[PDB]
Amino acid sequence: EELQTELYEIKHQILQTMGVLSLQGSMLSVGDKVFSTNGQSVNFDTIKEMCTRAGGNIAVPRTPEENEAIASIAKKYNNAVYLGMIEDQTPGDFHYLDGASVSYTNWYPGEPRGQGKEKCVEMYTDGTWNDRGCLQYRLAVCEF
C-alpha cells in the first residue's frame, strides 16, 4: 500500500532535518524532548514568551538525562539557565508551570533557601539548582 511507504519517506525526512539540527548543535534531543536556545540572556518572563512564541516552553528537567542536557547548554554558553518552575505560596516548595508539584530535583547543597524571596529557579553551569529572584539575565533554553 502507498500509505506506509509515504510514512517511511516522511519519517526519513524528519530524521534528516533533526539530524542536521543536531549535528550543527542547534538542538539537543533527549528521549521525546528537544532542547534549544536562542543564545540570549534575559529574565524569566522574557524567556517564557520567547519559548511560547516558538511553540515550546521554558525548559524543565524531569530526569537526570534531561538535567545533564540543559547543563551542557548552560556550560556551552557559560551562563546559568532559568528553569520552568516557580515557588509555591509555602517557602521551599516548587511547582511546574502547569501547577504540579516538582518531582525530580537537583538542588545545589543547601538550596532552596531563599525563604520565599527567591521564587524562580536557576540551573548553575554544573547542572545543580538554586532558587533565585526572577529578574536576572539568564540563558533562554526552551523545550519542544
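Start at 1 and count along the sequence shown; that's the residue number.
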Which is higher in the entry, the mean Cα B factor of 18-26 or that of 128-136? 128-136
Using only the Cα atoms and their B-factors as the entry lists them, report which of 5-13 and 116-124 averages higher. 5-13
For the CA B factor values reported in this entry, which option in 70, 58, 80, 86 has the top one? 86
In terms of CA temperature factor as recorded, identify the highest of 107, 35, 44, 104. 44
Classify residue 52 as lowest, middle or highest third according to the C-alpha B-factor given in the PDB entry, relative to its own chain. middle
